[PDB]
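Below is one structure, written out as structure tokens; comments come after it.
So basically every Cβ, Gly included, is an ideal-geometry build from the backbone, and we count neighbours across all protein chains shown. The values are calculated or read from the model by the stated rules, or taken from the named source; none is laboratory data.
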Amino acid sequence: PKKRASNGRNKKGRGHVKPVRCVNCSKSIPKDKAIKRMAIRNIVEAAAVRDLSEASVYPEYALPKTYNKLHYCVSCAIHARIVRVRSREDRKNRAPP
Amino acid sequence: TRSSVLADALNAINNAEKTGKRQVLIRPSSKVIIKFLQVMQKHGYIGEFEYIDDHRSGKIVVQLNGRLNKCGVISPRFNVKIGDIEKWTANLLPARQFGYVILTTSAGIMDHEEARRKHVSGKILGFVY
Amino acid sequence: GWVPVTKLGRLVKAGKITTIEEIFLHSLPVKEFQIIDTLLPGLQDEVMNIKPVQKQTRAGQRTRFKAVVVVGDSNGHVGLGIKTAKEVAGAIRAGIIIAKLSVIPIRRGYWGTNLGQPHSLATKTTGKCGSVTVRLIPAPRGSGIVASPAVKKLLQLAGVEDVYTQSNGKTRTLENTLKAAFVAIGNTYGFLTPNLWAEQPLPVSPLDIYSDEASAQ
Amino acid sequence: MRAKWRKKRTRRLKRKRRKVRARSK
Amino acid sequence: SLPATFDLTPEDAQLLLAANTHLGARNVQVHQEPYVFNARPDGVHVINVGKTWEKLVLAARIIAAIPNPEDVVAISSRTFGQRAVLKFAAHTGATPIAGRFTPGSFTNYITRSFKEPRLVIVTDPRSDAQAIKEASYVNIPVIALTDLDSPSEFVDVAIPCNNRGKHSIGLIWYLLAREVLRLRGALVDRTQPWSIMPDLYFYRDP
Amino acid sequence: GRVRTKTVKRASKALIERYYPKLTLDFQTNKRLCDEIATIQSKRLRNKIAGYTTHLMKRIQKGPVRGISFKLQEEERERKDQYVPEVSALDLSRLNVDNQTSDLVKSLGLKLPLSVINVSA
Amino acid sequence: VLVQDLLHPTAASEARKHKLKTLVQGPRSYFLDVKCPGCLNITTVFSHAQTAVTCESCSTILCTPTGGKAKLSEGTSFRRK
Amino acid sequence: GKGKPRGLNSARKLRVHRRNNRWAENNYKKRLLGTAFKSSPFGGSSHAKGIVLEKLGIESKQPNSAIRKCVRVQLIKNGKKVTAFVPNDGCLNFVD
Amino acid sequence: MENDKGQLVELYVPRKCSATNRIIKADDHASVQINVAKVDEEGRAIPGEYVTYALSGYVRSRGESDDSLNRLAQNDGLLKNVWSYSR
RNA sequence: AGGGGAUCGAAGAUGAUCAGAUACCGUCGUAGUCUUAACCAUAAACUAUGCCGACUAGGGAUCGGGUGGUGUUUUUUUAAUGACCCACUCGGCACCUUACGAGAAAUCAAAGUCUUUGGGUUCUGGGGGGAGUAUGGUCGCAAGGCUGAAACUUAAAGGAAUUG
């Protein structure tokens, strides 16, 4: 039946927003319907910074941290653990944590 | 738009009466509702209601004493012959002994038992009980 | 014998409460079936339903049994109870006990003038549980009980002699119609008439004027 | 079948019929 | 009427200022606005003691109308008011309930903690939404100790007071236990104060 | 692996609430009293009931715990429950509110000692 | 509360609610008696100018209209008439 | 509300609306079209004499499993061809 | 309710919620009746005389039992100024 | 019809997979995707909730406008003045609790004020198939769109929730 209050999307009062492809299967989905993840990770491993500091002529280094927005279709997201099917009463829980 | 101020009047009273409010406000305060309120007023269904005459037909406030239970309008105002007035009441009145149906009439605006008594009919305005 | 637990039972055990209507005048909650046994010895029953209903489990269709029983003598009191029990006969006794607990009165009215004793209901009443809506329309004296074979017996127990029932929704379901009849039948006292407009001194609690008699800790 | 391909197959049938119907006409 | 013996002397008014019983939280529901005087420039609302102290007299009159002190339930659900309620029962019958209400205490006679109270007092409707819901089945008048933003459903006598002030919750108990005692009987005129400071209803850690 | 099941718990909570004065801290001593005040069919169970007896009773003496009730604490609590003075703090020992309490007095036509202290606007 | 004196609400209510949802739809705007040191004629100016204002006697600008009440000029002496 | 023209002077609109919507009835539509009279083996008749031409065994619509003892008959009144059941046990040995 | 010769044939006159004058049901287990004592000299409430108030379960459901009581108390002198008619 | 023609890509071709794979996967690749001027007039064109009007409960944010503060904040330290915070209000997209109320329920602050049945008004549905089919008309370059049955056939499809 009607599974969700907002059908699957953060779309209220437009009629159309935009198509966006997925970073895994390349499936065109609305941008708001996508699973947005601000993947904030370093170029290197956590244990990796020690050798960089040892192997740099810069004693005081900056530790760069890359940014990339993985726009995910729910077909890929569920398979990729990114989201989990939740309880019907717990479906309303919109809190990120 | 407000196709019938009488309809929106009796609608508003029922909405607030079901809530149990001691006072209800009606707009745009025509006389047909004012004449309608008089009929309830002599029948105790309604309390002291204050008419506020602003220069744009104003509005009213009605200190209903939580006394009636359901007052409604029959829109549009079907005509009725005296031989069939009882036929109308049966479909609208919870009981014969109590509850009235309001008939507009060139004689005036009155509930059905007096309209029957004085023996004149007209078009149906609404029902009160 | 019967040792009461509620104050109502203990106060009834004093014998002070002898009027059933006092329970309903003050809307006293009921928890013990013996209360109506003592207060209304002249009380009969009749079973409407014997329905098998099963939970589909790992074991299989473990068929529980739900039965509905009406109770109330024709003096103006009716109580309708539903209960689900595995044994067929225990369901009858389990259902009636809650039915005694759920007893409700009736306002018996007159169709027209105030002649004689009351015969019918005093107003047309709203009742709807599930999709079923039963509308109890007052009828003139002697017109008979015009209703469903199941529902009309509920009215016969209630002691009203003439009424018109306008059934709506899936009236084929018997449990809803019985409850819809029960919801509608008890709406008589929820409906106000001008003869009732007169204020009353709001009679005080017999739970306090018959007063603390038992539970003497 | 979806509502689509049931409709699509009747649409193809309708296309075939009109050519045949007009072919004599 | 009510005699002239119901004034708030400046000695216990200054106690109330220290008690912090009159300043509420930062928002108020529309059913608690008659018990509000104004707001402060930092965005906080205020209770006026004129309302609650009168309303607190009304609640006692209903409790005094109870003939049996032992069939009136006093509820607490948090250590913020546990000590007070038990020690509110330390001045009258007041069959108390500590912490968990064990739902099914008013219906469901089979339970060992079953009761048939003729009235209930609640420290907090929020921490005790359940027992108030229980009064809906067995026709119990409910007197609640209400914040300005506390939901006020199914409660007959709302007492506007601070449930966040330690010195407030026991003091509202300190009063509420007082005039019922005064109306209980064998309490002398109201000329002189308690034996010691009222700080004794107030839970301390540990 | 030595968790005490329900039946030993239910037996133990029974004895604590009936013979709390008669318990002793020593396990062997109160093991023996379980013999004639309780009906334990198996000796091993009789040990275990006494086993949880010591656990509960060591806890109860160091402050009462919820789930336990007996006459002694009922009366001992009742001793705190009869603390009532001749008079109380709320008294005429010195209404101190904003101006609304001045309007509070003349409403019904009564005389009160009005001593108002303004509340911040 | 369902028991309210809508007839005579406190002065807090009126300035709180909307003009058209009051009991009587009375204007809340006003006209201002305003003077400039360089003129000898009075000038009545509506609260929300809605257009440029100039004294007849001396050519000047008084208050430039905005969406609401106009921001008056710097050397402008206003009073409520 | 109620989605129908209620006004005192809209009896035509209500009438035409009902005239259109009555056609969704099944018994109503069959009478107006007269499909029983025109496209049906019986010309609005209760019975019709005929002549059996062959005896047919018909497999019974499952769940039942049985031969259903039916006879093909020609209707005299229209000439059509229908098959008919023979009631009672036997009664094909009683018909030729 | 009475017949053509008085002698009221009625199981009981129902209560009216004094807050809203609505008729009290026969199963309204939320509906409650509160008793208030009458006080006398030196601030002592006397058992024996007591004013009664009826509240319908609907009013309690809406959470208006409190303010409606204040409307039912300001008139009868229990409290001086608690229910502000104008605000 | 003309221009444009990078990417992707129906069709098509290929190499894998399976038993078959003319499908999913990979590579290439046409129409197409873009534009100028016309056509068609359709979608799960959906918030599956016609449009207008009033009323009924509270709240919070957000967008846009407006109002007030000797509030914060902008070179000058109440000066040449936007942003912000406060108390609001109007309108909007919506949102959280509660169900008074409704509903078959899921759920709905509107799907509420509907058996206590009537504010005005438009359209649509009458078991499922057949079937949005045949025919007929009209529109269209066509694709097809709109209107739209019947015969015959079945006792059920279907909705929402419960348990397995």
When every residue in the stretch G:23-53 that is more than 10 Å from RNA strand J (Cβ to nearest atom) and among the polar types (S, T, N, Q) is compared, the one farthest from the chain's Cα centre (by Cα) is G:41
Could you tell me which numbered condition residue E:35 fails, if it satisfies all but one of (1) within 16 Å of RNA strand J (Cβ to nearest atom); (2) within 8 Å of chain F (Cβ to nearest Cβ)? (2)
So if I check each of C:133, C:126, which one is within 20 Å of residue C:158 (Cβ to Cβ), within 16 Å of RNA strand J (Cβ to nearest atom), more than 14 Å from every other protein chain (Cβ to nearest Cβ) and in contact with a strand residue (DSSP E or B) (Cβ under 9 Å, 6 or more places away or on another chain)? C:133
Under 7 Å by Cβ, and 6 or more places apart or on different chains, what pairs join a residue from the stretch F:72-92 that is on the phi < 0 side of the Ramachandran plot with one that is in a helix (DSSP H, G or I) and of a type in the set (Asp, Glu)? F:89/E:12; F:90/E:12
Inside the stretch E:32-86, counting only strands (runs of 3 or more DSSP E) that do not spill past its ends, which hold 3 or more residues that are touching a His at 6+ places or on another chain (Cβ under 6 Å), surrounded by fewer than 16 Cβ atoms within 10 Å (Cβ to Cβ) and of a type in the set (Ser, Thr, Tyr)? none
Condition check: β-branched (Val, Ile, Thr), within 16 Å of RNA strand J (Cβ to nearest atom) and either closer than 30 Å to residue E:134 by Cα or out of contact with any strand residue (DSSP E or B) (no Cβ under 9 Å at 6 or more places or on another chain) (or both). Does residue E:57 satisfy that? no
A careful count of residues in the stretch C:72-118 that are in contact with a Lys or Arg (Cβ under 7 Å, 6 or more places away or on another chain), within 14 Å of chain B (Cβ to nearest Cβ) and closer than 16 Å to residue C:158 by Cβ gives 1
Pairing a residue in the stretch E:177-206 that is over 16 Å from residue E:91 (Cα atoms) with any residue that is among the charged types (D, E, K, R), where Cβ atoms lie under 6 Å and the two sit 6 or more apart in sequence or on different chains, gives E:190/F:91; E:191/F:91; E:192/F:91; E:193/F:91; E:203/E:83
Output for the stretch H:56-83, where each listed residue is of a type in the set (A, V, I, L, M, F, W, C) and closer than 29 Å to residue H:38 by Cβ: H:56, H:58, H:70, H:71, H:73, H:75, H:76, H:82
Those residues of the stretch B:49-69 which are within 11 Å of another protein chain (Cβ to nearest Cβ) and part of a loop (DSSP other than H, G, I, E, B) amount to B:53, B:54, B:55, B:56, B:58, B:63, B:64, B:65, B:66, B:67, B:68, B:69
Whichever residue in the stretch H:1-52 is among the polar types (S, T, N, Q) and more than 7 Å from RNA strand J (Cβ to nearest atom) and, among such residues, is farthest from the chain's Cα centre (by Cα): H:9
Which numbered condition residue F:88 fails, given (1) under 30 Å from residue E:53 (Cβ atoms); (2) surrounded by fewer than 16 Cβ atoms within 10 Å (Cβ to Cβ): (2)
Does at least one position in the stretch B:35-46 carry a residue that is surrounded by fewer than 19 Cβ atoms within 10 Å (Cβ to Cβ) and within 15 Å of RNA strand J (Cβ to nearest atom)? no
Given the options E:136, E:152, E:105, name the one that is more than 9 Å from chain I (Cβ to nearest Cβ) and hydroxyl-bearing (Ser, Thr, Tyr). E:105
Condition test on residue E:66, is it more than 16 Å from RNA strand J (Cβ to nearest atom), touching a strand residue (DSSP E or B) at 6+ places or on another chain (Cβ under 7 Å), more than 10 Å from every other protein chain (Cβ to nearest Cβ) and among the aliphatic types (A, V, I, L, M)? no
Taking interchain pairs and intrachain pairs at least six residues apart, which have beta carbon atoms under 8 angstrom, with the first residue in the stretch F:1-13 and closer than 11 Å to residue F:50 by Cα and the second among the charged types (D, E, K, R) and part of a helix (DSSP H, G or I)? F:8/F:48
Conditions (1) touching a helix residue (DSSP H, G or I) at 6+ places or on another chain (Cβ under 8 Å); (2) facing chain F (nearest Cβ under 8 Å); (3) small (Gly, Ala, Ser); number of the one not met by residue E:89: (1)
Out of all the residues in the stretch C:28-45, is one or more within 16 Å of RNA strand J (Cβ to nearest atom) and over 14 Å from the mean Cα position of the chain (by Cα)? no
Selection from the stretch I:24-42 of residues that are in contact with a strand residue (DSSP E or B) (Cβ under 6 Å, 6 or more places away or on another chain) and either in a loop (DSSP other than H, G, I, E, B) or more than 11 Å from chain E (Cβ to nearest Cβ) (or both): I:26
Being in a helix (DSSP H, G or I) and hydroxyl-bearing (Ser, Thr, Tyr) is the filter here, so list the residues in the stretch G:11-43 that pass it. G:13
Considering only residues that are of a type in the set (D, E, K, R) and either touching a strand residue (DSSP E or B) at 6+ places or on another chain (Cβ under 6 Å) or within 12 Å of chain E (Cβ to nearest Cβ) (or both), which ones fall in the stretch I:1-15? I:15
Based on this model, can you work out whether residue I:61 counts as crowded, with 20+ Cβ neighbours inside 10 Å, assigned to a helix (DSSP H, G or I) and among the small types (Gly, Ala, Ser)? no
Picking from A:17, A:57, which residue would you name as being surrounded by 10 or more Cβ atoms within 10 Å (Cβ to Cβ), among the β-branched types (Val, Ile, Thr) and assigned to a loop (DSSP other than H, G, I, E, B)? A:17
Would you be able to say whether some residue in the stretch E:1-22 is within 14 Å of RNA strand J (Cβ to nearest atom), under 16 Å from the mean Cα position of the chain (by Cα), surrounded by 16 or more Cβ atoms within 10 Å (Cβ to Cβ) and not β-branched (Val, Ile, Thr)? no
Of all residues in the stretch B:56-92, count the ones that are among the hydrophobic types (A, V, I, L, M, F, W, C) and either more than 9 Å from RNA strand J (Cβ to nearest atom) or assigned by CATH to the domain that holds residue B:13 (or both). 10
